[PDB]
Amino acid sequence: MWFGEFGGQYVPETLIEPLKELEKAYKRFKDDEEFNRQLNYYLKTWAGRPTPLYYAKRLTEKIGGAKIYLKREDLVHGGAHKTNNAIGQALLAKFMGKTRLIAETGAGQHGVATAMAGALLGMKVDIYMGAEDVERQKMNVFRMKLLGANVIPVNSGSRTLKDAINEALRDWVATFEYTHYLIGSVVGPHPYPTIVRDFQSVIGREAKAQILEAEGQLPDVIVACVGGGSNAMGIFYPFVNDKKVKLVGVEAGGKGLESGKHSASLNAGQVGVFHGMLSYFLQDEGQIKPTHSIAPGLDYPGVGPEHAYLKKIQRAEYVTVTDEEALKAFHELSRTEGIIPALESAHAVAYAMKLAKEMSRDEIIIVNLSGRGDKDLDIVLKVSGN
């Protein structure tokens, strides 16, 4: 439930029952033979795992520093690592006898992944989405609709991701007997930060074997972008006990840290309690403060408790990258390696490039390439221009 001081279950008593039931089911199924057979089979045949680990030789040579490898989560079905979590939890839901999935989304990407897994497993899917986000993510909303899901605009509060999570929890209180709340990152009340991390850990287990195969040793650094923290947790977690492996999380610096238009909770936020967890949040009077990133998956005012924990014990370092740096990295990866990254992933690429220049040519960086940039084309067209 806790990662040091961070985590917990700060919810009304009406959620205690659904959360206890989910904990019990997960403890039962997580190591179950049949559950893991089916999950692996879907991950393989439907999602396309394993993803490759790709040596970005041109990019490495251009920078003239450490070797840069990309863990190619951009190749998973759906175009992002979120699918690994959507399948794991949807399958758990199905083993729990649930017939409906609900989920929040802000960028839309989780909503799509949820819709895809619910279509796969024959479940009803309802997606809560703040109205400001719906307006800004018309194509992802359309994807969710083609996939058979219903999108429910949330008009309360600030009409964004924080408010969609709050509305989804209210729904789950009334519907948990047949509904599973499929949370999209390593956030929320226990057992969600644990479960989502466990479903994303496949990324690091694969990357560890692949890098051993490619280079005969562990990497010197692993770099991942941090919104809520699930792609980073998925790649970090199997290297947590390999003490020589540096772990770097990259937050959204937005228009700059001193601009106030960023989303860097670990860098600039303060301890707080929302959405059932004690973690770092960006807040003013204890209110959640508006956040921004050019990468819409990075725009959440909190961060997962397990990251707060790794930061506190100094197991992992957390840095920031601006919108402009990320954008430059997005263009550079496209032109240099023929890989169009998600703007989220482009944050991690931008930090890696900086980092590589300072290291020696026999050192190794693995970047988690959390998604592909098709979803971002409209935004990049508007901001970069034609």
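Throughout, we count residues from 1 along the sequence that is shown. So that the term is clear: the rigid core is the largest set of C-alpha atoms that superpose within 1.5 Å between two forms.
Fitting each structure in 4 other deposited structures of this protein onto the rigid core and averaging C-alpha distances over structures and residues, 121-129 emerges as the more displaced of 121-129 and 216-224. Between 154-162 and 311-319, greater CA displacement relative to the shown form is found for 154-162 when the structures in 4 other deposited structures of this protein are fitted on the core. In this entry, no coordinate-free residues of the deposited sequence separate residue 213 from residue 214. In this entry, the higher average B-factor at the C-alpha atoms falls on 358-366, of the pair 358-366 and 372-380. Comparing the deposited coordinates for 170-178 and 118-126, the stretch with the larger average C-alpha B-factor is 170-178. Within the selection 244, 197, 110, 307, the deposited Cα B-factor values reach their highest point at 244. Residues shown: 331, 44, 30, 347. Highest C-alpha temperature factor in the entry: 30. Ranked by C-alpha B-factor against the other modelled residues of its chain, residue 133 falls in the middle third. Split the chain's modelled residues into thirds by C-alpha temperature factor. Residue 104 is in the lowest one. The deposited CA B-factor of residue 263 belongs to the middle third of values across its chain.
When the modelled residues of the chain are ordered by their C-alpha B factor, residue 327 lands in the middle third.
Residue-level temperature factors show residue 284 in the highest third of its chain, judged at the C-alpha atom.
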